[PDB]
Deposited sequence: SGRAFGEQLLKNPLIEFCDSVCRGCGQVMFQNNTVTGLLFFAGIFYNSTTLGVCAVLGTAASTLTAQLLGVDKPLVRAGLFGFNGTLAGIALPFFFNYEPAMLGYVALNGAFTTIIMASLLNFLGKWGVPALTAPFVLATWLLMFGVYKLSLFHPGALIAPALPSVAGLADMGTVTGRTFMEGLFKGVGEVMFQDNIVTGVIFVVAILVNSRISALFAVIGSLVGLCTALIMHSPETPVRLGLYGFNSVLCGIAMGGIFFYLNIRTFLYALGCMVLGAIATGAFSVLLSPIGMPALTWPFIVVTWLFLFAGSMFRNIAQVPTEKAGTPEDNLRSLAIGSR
């Protein structure tokens, strides 16, 4: 809603950085520069090394899109940044440092941009978004081969084992830590304050999305408890973060918020937590993380199914903004 003359003040660098910050915001579907800026602040609050590498990943993917000539509106909306943000954080989260790390992060970010284009072309025929599939698929391709290609060394989170069947103790701590690390863990941030920062950041762009961030973390948490997860992963928000994404996407962004789409959102948040155990098990023989594949698979299923259900009012993806903006234009 800004004065059109402000366009005279633009230059490639500042346009690039605005694209980078919107890119970061889009990790949680928030097309907002200030939201991306506060996401970065939250990460930097936890780890300077992770923040630099988030920025580098978002920059590499955004630049690659511009180099290949993606349509300017797609780039300006940060749709070619968010997968690069995650691609940048995931690598130093899971693998030990080597000098090559920064080069591999740039590569991983560049690759997300290819796959983002692939999936917009593939999925666009049904009006379905790519979500974080570009980040997951690129990262898996760059991570899985580490046992055969030793440049990097995996961290202690990466331990191949056949799955098998202690339980810990649920406390108030499980809930307060689970809630906010569930949000933080969307960006691999094992930090309660970063998690609060993340909610505040979404709140700047959209209050409804901030609430669904909170709801999803909670529904993921207690679904995992009802399903008898040990407490440790729950407290750590490992069953919240896919459900956070599920909540934000289904909660008024890709569907017009009402009672019915709310209940539909809830089914998707519950199944996202259950799919988290499923995919963790699937990849355990090779020791690899499922990342946000749970959110992606379950949310894709609910998105594809939308147009078949008369009682569930989808938002056309090309139009889809904040939940509030969505309801404002429906009522016009």
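In sequence order, the deposited residues that have no C-alpha coordinates form the ranges 1, 167-170, 338-340.
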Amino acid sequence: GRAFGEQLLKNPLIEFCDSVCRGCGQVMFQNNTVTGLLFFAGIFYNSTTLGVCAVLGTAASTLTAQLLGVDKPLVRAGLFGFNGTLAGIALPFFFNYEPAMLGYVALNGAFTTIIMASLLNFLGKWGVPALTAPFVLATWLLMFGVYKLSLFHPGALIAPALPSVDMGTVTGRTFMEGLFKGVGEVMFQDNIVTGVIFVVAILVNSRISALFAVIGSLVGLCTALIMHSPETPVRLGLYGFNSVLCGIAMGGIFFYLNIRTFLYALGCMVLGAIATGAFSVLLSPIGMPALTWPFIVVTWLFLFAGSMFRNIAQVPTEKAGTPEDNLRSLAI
From here on, numbers count along this sequence of modelled residues.
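As recorded in the PDB entry, 316-324 is the stretch of 316-324 and 12-20 with the greater mean C-alpha temperature factor.
Per the PDB record, residue ranking by Cα B-factor puts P160 in the lowest third of the chain. In the PDB entry, a CA B factor belonging to the middle third of its chain's modelled residues is recorded for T299. Sort the modelled residues of the chain by CA B factor and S61 lands in the middle third. Among all modelled residues in its chain, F198 ranks in the middle third by Cα B-factor. Per-chain ranking of the deposited C-alpha B factor places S307 in the highest third.
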